[PDB]
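Please treat every number below as a calculation from the coordinates, not as lab data. Here the Cβ is made from the backbone with ideal geometry for all residues, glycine too, and neighbour counts use every protein chain on show.
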Amino acid sequence: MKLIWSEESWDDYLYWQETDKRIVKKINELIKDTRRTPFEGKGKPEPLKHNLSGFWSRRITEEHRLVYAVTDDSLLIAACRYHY
Amino acid sequence: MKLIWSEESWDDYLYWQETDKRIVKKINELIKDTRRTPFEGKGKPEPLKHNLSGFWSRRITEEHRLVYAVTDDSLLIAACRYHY
Amino acid sequence: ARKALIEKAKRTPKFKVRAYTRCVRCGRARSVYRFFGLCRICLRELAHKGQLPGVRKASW
Amino acid sequence: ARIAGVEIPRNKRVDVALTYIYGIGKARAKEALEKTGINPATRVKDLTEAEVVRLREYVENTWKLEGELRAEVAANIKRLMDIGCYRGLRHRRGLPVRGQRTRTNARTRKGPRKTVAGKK
Amino acid sequence: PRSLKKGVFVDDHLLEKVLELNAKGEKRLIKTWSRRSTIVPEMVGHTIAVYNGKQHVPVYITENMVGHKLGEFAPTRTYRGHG
Amino acid sequence: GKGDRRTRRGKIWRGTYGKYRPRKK
Amino acid sequence: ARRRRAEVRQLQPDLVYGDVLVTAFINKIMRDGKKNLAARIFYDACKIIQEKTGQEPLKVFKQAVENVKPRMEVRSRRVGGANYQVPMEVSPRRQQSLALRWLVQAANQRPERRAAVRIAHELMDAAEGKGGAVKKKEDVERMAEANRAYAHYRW
RNA sequence: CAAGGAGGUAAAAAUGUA
RNA sequence: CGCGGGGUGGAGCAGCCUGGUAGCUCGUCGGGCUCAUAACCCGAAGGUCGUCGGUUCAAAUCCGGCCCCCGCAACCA
RNA sequence: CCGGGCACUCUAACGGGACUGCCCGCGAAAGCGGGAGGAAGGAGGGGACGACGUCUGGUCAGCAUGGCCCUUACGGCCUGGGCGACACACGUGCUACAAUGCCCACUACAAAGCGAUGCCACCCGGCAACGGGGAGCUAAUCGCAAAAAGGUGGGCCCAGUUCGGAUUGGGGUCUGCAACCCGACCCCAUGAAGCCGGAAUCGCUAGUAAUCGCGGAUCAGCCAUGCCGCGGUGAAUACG
Ligand SMILES: [Mg+2]
Ligand SMILES: [Mg+2]
Ligand SMILES: [Mg+2]
Ligand SMILES: [Mg+2]
Ligand SMILES: [Mg+2]
Ligand SMILES: [Mg+2]
Ligand SMILES: [Mg+2]
Ligand SMILES: [Mg+2]
Ligand SMILES: [Mg+2]
Ligand SMILES: [Mg+2]
Ligand SMILES: [Mg+2]
Ligand SMILES: [Mg+2]
Ligand SMILES: [Zn+2]
């Protein structure tokens, strides 16, 4: 299972790296659980449709979400910042 | 330029976090230049030989070498740790 | 976790098998001897210094 | 002579002949022979029919043997399984139960070497 | 295993819980950490939870699981194959 | 020999005694 | 083994016959250092010789050694950058050791049940000339006459 | 005894981690 | 929209004529030699033979329809 | 086993005893070959010892130590799990493939070590692990141990077979508050793969290789077939 970061997802991961430290471990915790079970685990692993068919989200916090998508041996993270 | 993290690479990147933030800031510097100029720029980006034929290395420290490989659309990272 | 363990090794109670002998000079848990209470390294350091009564360089 | 369901040892010592039955080893064989009163040196090629029927009556009125003993072992293993026991699930995968080493040799239980490629 | 001369089933916690529970009734859920404990027949019929190292997995007790321990029914590892 | 639990040399190699090697000279 | 002649060992002579050559065979029987058994197998075998032929069992032993003792042997050599295999005559110390080895080596290849019967029949067959070790002798001797083209590489 | 002159050669065996 | 030939392990080929067992090399994987790589040595796996239908007791093999690739012919006027 | 002696064997401290001093031959000497001389000789056999330095070797997890980082925590306590996971690959080994071998019974011969919050003599229960009793020993006093291979007597007759013991079912003992992951034993029944090993690869020149047991450290107990030492029988070969 190899990680795939897109353009905006990596910049937002660096955005949490520069400002607050406590969320960055929580993010990596969420990546760890979707690595061992891709669709289940922590923080309500939720599907999306009605432009996002085949994409799944979890909540990092109460407003921002950690969306993702899965393929055979890869883990794509599209964003780790605010939904919309 | 999407980022690809291999098991060894992300395990080490999780090791440079909680050990040395200087290395993490250096790796994000090298990634920010590799995303812009993939075969020139910072860290003496050299083409590699025999056991890593098809790879590229930028200096992190005097020992540590960031071993990457480039495609049209993406960026592989085989190591963000030890001297090959 | 070094110094709290050495003084966990000093206290006796709560199911006696939980007591493990430990060196008092350095605080090693392994290769510690019942004849001295020193580890195997503190043994050699003091025995070469001569602070061990009767201990000599064995040779046969 | 056919005792437990098997005949198979023809001229050989009788204690050896009873060890050749699933369910009777060396100790149960000598127990049956010190019961019956047969010198084990008297072979199975030369023994009285009365000794044979007394020996058979004893060894298959006393303990449980070949078909039923296997049925009991299989029933106990089936009871160890289907209940969620640790030893039952080790029997289920086909792994050893008695706390052994599986990083290395456990091949009597595991089978033959199923060599898988191994990147690096 | 154990010796037979001395009192088998070493634990008191879930025992002082279940001896209230079997005579009062009403089949409740009980969490315990005692993996070293023998399933003694007043425990038959109950749904109790055992810690594995991570969480509390509930087990259901019926009359055939008796001469065992609770750690026999709480799997610690996860194998799921090889790939 | 040496590893068999039901023989003389097996109990010798262990240092245990049993039925197959009791304690008496 | 670069400096000296790494001198020859002397053995104690036998306690029933008084000879070095029999004690060497007692040592060539010997597996795991059991000399009491190694002498016992040989001394059971001598009684087998005593009763299967009316001949003194030391006198069949000496000639069975001499009928198995090779004369020339082919050995590999490297002078001139080449690896041929060159025949050369054998020292009688080595002729003795090779015959002493070949008799017990062939006797272990015999299909007979006990050990002493294998040893005894091997002595009877080698002294009369048809043992398993005389086949090994004549094959070793066959290669030297076959490779007699190379004996100009003698030294 | 002391020693030179002309002359037949060792093989078939490659590379280096940044 | 004429004629001939060909679709087979990852690559390149043979087996089809004359239906019963798909073989060769390189490559892949495990081991050995070397400090290490290549070379070399030991051992093992891998296709169902374009696709659909038919004949036969049995189809890679025989027949027919279709898809793809290659070669040839398209002259008089 | 006593009186007694302590002459021997043992134990233990200090000594003598080889330095090729002596003989022959070689040489200018150093030294070399051989020999009565004794136990030994031409460093007697083993140890302890291991230069200037190399590997910018290893150890910040024995300890110390400069710098960087965490402090409602990268600190501290507890319970449970884990270090024991298994499609595989490698190293070190142990047990075997048997008849110079296996099993049963009887009878011998060691050295070096260890123990009174232990060694346990000797009885009784017990198929046995072991449990009840209870004597001796601050220990060349008593105990751990009877050494094992060996010798004698009996059985198997070369057949996966009385070789080999895996793996598994059942019943128990002991330690520990505790044996499910994860203990060691004892008993019953199972008794597999292996019939001597491809390319390759390792140790050993004399009590050495090989073979056989015994003791200690750690240790409540033990996953010890490991390590460290001790003795029993005891090869082969070195042309070069
Ligand atoms: Mg490295
Ligand atoms: Mg302890
Ligand atoms: Mg056996
Ligand atoms: Mg070449
Ligand atoms: Mg090149
Ligand atoms: Mg093709
Ligand atoms: Mg024309
Ligand atoms: Mg010196
Ligand atoms: Mg290091
Ligand atoms: Mg470990
Ligand atoms: Mg395990
Ligand atoms: Mg040497
Ligand atoms: Zn210490």
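What to note about this one:
- Cα long-axis angle, helix A:7-18 against chain A (0 to 90 degrees, to the nearest 10): 30 degrees
- G:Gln63-D:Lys64 pseudo-label distance in nm [points 7 Å out on the Cα-to-Cβ vector]: 7.3 nm
- Around the Cα centre of the protein assembly as shown, unit charges on the Cβ atoms of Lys, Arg, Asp and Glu (plus for the first two, minus for the last two) sum to a dipole of about 3220 debye.
- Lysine pair count for chain B [Cα-Cα under 15 Å; pairs on different chains or 8 or more apart]: 6
- Given charges at beta-carbon only (K, R positive; D, E negative), |dipole| of chain E in Debye: 380 debye
- Note on chain B: dipole from Cβ charges, positive end direction compared against B:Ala69, B:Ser6, B:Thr37; the farthest Cα belongs to B:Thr37.
- Built from the Cα atoms of segment D:1-71, the convex hull projects on average onto 4.1 nm², one quarter of its surface area.
- Alpha-carbon gyration tensor eigenvalues x 5, square-rooted, for chain D, Å: 41, 18, 11
- Principal axis analysis of the Cα atoms in segment A:1-65 yields extents of 32, 27, 24 Å, listed in decreasing size.
- HN-Hα J in Hz across segment G:10-16 - Karplus 6.51, -1.76, 1.60, θ = phi - 60°, x for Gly and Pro: 10, 10, 7, x, 4, 9, 9
- Footprinting exposure proxy for F:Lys19, B:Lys26, B:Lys32 (fewest neighbouring C-beta atoms within 10 Å first): F:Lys19, B:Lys32, B:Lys26
- Each label point was placed 7 Å from the Cα along the Cα-to-Cβ direction; for E:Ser3 and D:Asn11 their separation is 5.6 nm.
- Gap separating the Cα centres of segment A:15-81 and segment E:5-23, nearest whole Å: 46 Å
- Cα-only Debye scattering, chain E: base-10 log of I(q)/I(0) at q = 0.10, 0.18, 0.21, 0.26 Å⁻¹: -0.27, -0.78, -1.01, -1.41
- Note on D:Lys26: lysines with a C-alpha under 21 Å away, same-chain residues under 8 apart excluded, are D:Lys12, D:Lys35, D:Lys45, D:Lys64, F:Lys2, F:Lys11, F:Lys19.
- Placing +1 on the Cβ of every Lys and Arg and -1 on the Cβ of every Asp and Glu, with no other charges, gives chain D a dipole of roughly 1640 debye about its Cα centre.
- Among the residues of D:78-88, the average count of other protein chain beta-carbon atoms within 10 Å of the residue beta-carbon is 4.
- For the protein assembly as shown, with +1 on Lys and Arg beta carbons and -1 on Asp and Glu, the positive-most of D:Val53, A:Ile23, A:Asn51 along the dipole: D:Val53
- Nearest 10 degrees, 0 to 90: helix G:132-146 Cα axis against chain G principal axis: 10 degrees
- Ordering E:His56, E:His13, E:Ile30 by Cα displacement along the dipole of chain E toward the positive end leaves E:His56 in first place; charges were set at the Cβ atoms of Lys, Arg (+1) and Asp, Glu (-1).
- Spin-label pair F:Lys24/G:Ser91, simplified geometry with 7 Å Cα→Cβ offset, distance in nm: 6.1 nm
- J(HN,Hα) series, segment C:40-57, from Karplus relation 6.51 cos²θ - 1.76 cosθ + 1.60, nearest Hz, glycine and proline x: 6, 9, 5, 5, 5, 4, 7, 5, 7, 7, x, 8, 10, x, x, 6, 10, 6
- Pairs spanning more than 18 Å between alpha-carbon atoms, out of G:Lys34/G:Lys130; G:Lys69/G:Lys137; C:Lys8/E:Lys54: G:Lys34/G:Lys130; C:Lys8/E:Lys54.
- Segment D:80-89 - phi-based ³J(HN,Hα) in whole Hz, Karplus 6.51/-1.76/1.60, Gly and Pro as x: 5, 8, 6, 9, x, 6, 5, 5, x, 6
- Whether the protein assembly as shown is rounded, prolate or oblate, judged on the alpha carbon gyration tensor where a/c under 1.5 counts as rounded: oblate
- Using alpha-carbon coordinates, inclination of helix G:20-29 to the longest axis of chain G, degrees: 90 degrees
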